[PDB]
Amino acid sequence: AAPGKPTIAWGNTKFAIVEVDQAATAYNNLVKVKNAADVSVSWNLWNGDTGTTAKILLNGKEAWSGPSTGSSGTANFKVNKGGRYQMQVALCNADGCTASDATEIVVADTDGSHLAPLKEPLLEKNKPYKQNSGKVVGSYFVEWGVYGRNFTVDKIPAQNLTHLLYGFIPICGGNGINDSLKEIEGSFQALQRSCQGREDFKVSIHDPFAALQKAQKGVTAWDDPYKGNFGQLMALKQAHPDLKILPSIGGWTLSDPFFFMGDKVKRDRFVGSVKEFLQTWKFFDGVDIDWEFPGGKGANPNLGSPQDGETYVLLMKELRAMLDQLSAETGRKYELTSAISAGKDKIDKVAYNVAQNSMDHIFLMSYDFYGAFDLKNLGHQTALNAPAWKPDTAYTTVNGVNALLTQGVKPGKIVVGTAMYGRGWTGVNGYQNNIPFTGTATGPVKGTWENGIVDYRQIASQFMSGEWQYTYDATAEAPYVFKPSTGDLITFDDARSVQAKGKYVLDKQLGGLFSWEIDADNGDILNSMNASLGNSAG
Ligand SMILES: Cc1cccn2c(=O)c3cc4c(=O)n(Cc5cccnc5)cnc4nc3nc12
């Protein structure tokens, strides 16, 4: 005498608590945060009594009920928790309940709770390591790498990292605020489009297609609410719940807005937009501030002020206070980090001994010491120590670490930078004693993607055979290759120089190692980062 068993009607099964508008280019229209997903289910009864009550069950728990008044019905209700649910329709009367077969529905949320884990095999030369050293092992993944570089989130050797940094999250602003972007074709216009209707000095997403909509492994179904980099990072967090995924704000071309944050009106708006961003995108674990640089001498020759050091310290303090409030609301731990210049000249513009009290980690950019931006003075771009031919070299890793320690920075805060790329010159000439670095160049070396820069993958693949000389400088702890016929000279990190940096980190009780940029490694560099810090293989 119980009701007939209903049949769930064919229809959409994927819903979203944070909805992405699929026909919008402005961040304010693209992202719609709701308190709950609007879910809809219909059913038909092809045999029997329709009962007197109809219920929608999610994993057995009623989400909706109403009178059963005909052979077909529809239910609209709200679901406030993300996940994949076994949904049933049940028809009930005084003599019993009859539940349909289950249909899986998706209620998407930005922690990835609706997503299958993105657990992918290691590629190229990457070998498995356990994160049991207690040291930082970090790397940058770049938003634009999914195009020409064809390097997507499913290719990250995520088990071999403690920290994954996402470069880069922009700060809204047009003329005079993001002028450095005008040097990249279409890039300034892209940010203005993303920021339409949005206040200057709030964060946004620079390339929303790459971030949210490009089909990628695990998020290829047209009705998947989140695709692109963010969708995959949510699924990666499901596979690696202890991985720290941090949005990096700034970098070389997106740092101009920081120079205006001495105005607390702008600084407050920025910090508040970061809080909203983390509440919106729950898979991120904090924020990384990559201001290049307090005091100027970044991409924009017209920016930089003596107040920048005070602004930096105030910004870190206020970001920390915001993250502590967010941590209290969610129960989660959030991290505040910053990538900083390793040059003593720039380090002494900031009181890092004060700012460290707000920060979890300082990512010391101990690379780019030399490069094709200077054709007259050549040197190791990421070396640990000075070379034998110039022991007074200003830009070395040790000089940057020592400058921080001299201010009073605790060694455990300091994460040493390694390069997964080389910088190089062409036409090097006029050098002495077989040391090409004592000469001068006529231009940049032919690069993988841009002049003067070469992926480590390509260095190991193409430039360690043939006419290329190879030398490991054991005084500086730095490899380099040189082709004398053309004068091509590339300075980079290899497994052995990374080994020296890791041993140095352990010896000086520093925080760990990090790298730029993950797509450029073939595995050798990250392998050595893990091994040198004492992570066990496996
Ligand atoms: C190709 C491209 C397209 C669009 C935007 N792009 C950027 O915004 C970039 C920024 C940086 C940058 O900031 N650095 C310094 C650095 C090192 C370590 C940590 N943080 C910062 C180095 N290379 C970069 N390449 C960039 N390329 C692009």
Side-chain angles (χ1 to χ4, degrees), residues 84 106 111-133 135-167 210-212 214-221 224 226-246 283-285 418-421 448 455-462 493-495 498-499 502 512-538:
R84 282 171 293 168
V106 164
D111 63 342
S113 55
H114 64 293
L115 284 167
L118 184 63
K119 188 119 179 64
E120 292 293 302
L122 295 173
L123 306 171
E124 295 186 82
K125 307 190 203 307
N126 292 278
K127 301 183 302 200
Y129 284 89
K130 311 189 178 302
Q131 301 304 313
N132 58 5
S133 64
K135 300 292 173 184
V136 172
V137 184
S139 195
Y140 278 82
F141 173 94
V142 299
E143 172 165 281
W144 58 91
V146 303
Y147 296 113
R149 290 162 174 82
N150 197 43
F151 196 93
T152 55
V153 168
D154 54 283
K155 295 187 185 177
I156 299 170
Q159 67 194 91
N160 292 353
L161 300 168
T162 66
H163 288 71
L164 177 64
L165 295 98
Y166 186 87
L212 283 172
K214 194 174 197 299
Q216 301 292 0
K217 197 173 193 302
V219 285
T220 56
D224 283 337
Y226 319 121
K227 304 175 183 64
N229 295 337
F230 281 24
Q232 287 196 300
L233 287 167
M234 297 174 192
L236 192 76
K237 200 70 170 300
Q238 294 297 308
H240 306 275
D242 295 330
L243 176 65
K244 305 304 175 188
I245 302 174
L246 302 181
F283 68 89
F284 284 122
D285 290 302
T418 75
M420 289 166 171
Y421 61 97
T448 315
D455 286 359
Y456 172 75
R457 181 187 292 104
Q458 303 304 325
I459 301 177
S461 162
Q462 306 180 37
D493 259 336
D494 67 3
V498 174
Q499 249 294 338
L513 296 167
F514 82 101
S515 56
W516 176 279
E517 50 183 283
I518 193 56
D519 58 280
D521 191 18
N522 65 12
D524 286 348
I525 302 297
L526 186 53
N527 285 350
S528 182
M529 291 168 64
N530 276 273
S532 72
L533 295 171
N535 284 337
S536 301

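All values below come from the heavy atoms of this structure, side chains included, with hydrogens, waters and symmetry mates left out. Counting from 1, the numbers follow the sequence of the chain as shown.
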Given 3.5 Å as the limit, does a donor-acceptor pair link the side chain of [X] with the main chain of [Y], or not?
X: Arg149; Y: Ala520; result: no
X: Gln238; Y: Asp111; result: yes
X: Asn160; Y: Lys127; result: yes
X: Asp521; Y: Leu526; result: yes
X: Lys155; Y: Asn150; result: yes
X: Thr448; Y: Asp455; result: yes
X: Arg84; Y: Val106; result: no
X: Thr152; Y: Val146; result: no

Q) Is any side-chain heavy atom of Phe151 closer than 4.5 Å to a side-chain heavy atom of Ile518? A) yes
Q | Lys119 and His240, any side-chain heavy atoms less than 4.5 Å apart | A | yes
Measure across [X] and [Y] and return the closest heavy-atom pair with its distance rounded to 0.1 Å.
X: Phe284; Y: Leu246; result: CD2-C, 3.9 Å
X: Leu164; Y: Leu243; result: N-CD1, 4.0 Å
X: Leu236; Y: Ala158; result: CD1-CB, 3.7 Å
X: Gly218; Y: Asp224; result: O-OD2, 4.0 Å
X: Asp285; Y: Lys244; result: OD2-CA, 3.4 Å
X: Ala460; Y: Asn522; result: CB-ND2, 3.8 Å

(Q) Checking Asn229 against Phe141 for the side chain to side chain contact (heavy atoms under 4.5 Å, CB included) test, could you report, in this order, the C-alpha distance in whole Å, the side-chain angles of both residues, the deciding distance, and whether it holds? (A) CA-CA 10 Å; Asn229 295 337; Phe141 173 94; 3.9 Å; yes
When rounded to the nearest 0.5 angstrom, what distance separates [atom1] in [X] from [atom2] in [Y]?
X: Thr162; Y: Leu513; atom1: OG1; atom2: CG; answer: 10.0 Å
X: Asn527; Y: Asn535; atom1: CG; atom2: CG; answer: 11.0 Å
X: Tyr129; Y: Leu122; atom1: OH; atom2: CG; answer: 11.0 Å
X: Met529; Y: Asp524; atom1: CE; atom2: CG; answer: 13.0 Å
X: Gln216; Y: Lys227; atom1: CD; atom2: NZ; answer: 11.0 Å

Q.
Apply side chain to side chain contact (heavy atoms under 4.5 Å, CB included) to residues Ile459 and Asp494 and explain how you reach the verdict.
A. CA-CA 10 Å; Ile459 301 177; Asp494 67 3; over 6 Å; no
Q) What's the verdict on side chain to side chain contact (heavy atoms under 4.5 Å, CB included) for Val219 and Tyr226, showing C-alpha distance, side-chain angles and the deciding distance? A) CA-CA 7 Å; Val219 285; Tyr226 319 121; 5.9 Å; no
Q. Considering the options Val136, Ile245, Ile156, which one meets the side chain to side chain contact (heavy atoms under 4.5 Å, CB included) requirement together with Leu161?
A. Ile156
(Q) Per the side-chain hydrogen bond (donor to acceptor under 3.5 Å, both in side chains) rule, what does the pair list look like for residues 135-146, sequence neighbours excluded? (A) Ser139-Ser515, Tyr140-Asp288, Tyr140-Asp290, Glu143-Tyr166
Q: Could I get the full list of salt bridge (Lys or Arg N to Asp or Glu O under 4.0 Å) partners for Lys125, not counting sequence neighbours?
A: none
Q) Under 3.5 Å, is there a donor-acceptor pair linking the side chains of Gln131 and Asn530? A) yes
Q.
Hydrogens and angles aside, do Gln232 and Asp154 bring a side-chain donor and acceptor to less than 3.5 Å of each other?
A. yes
**Q.** All ring-ring contact (aromatic ring centres under 6.0 Å, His included) counterparts of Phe283, not counting sequence neighbours
**A.** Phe230
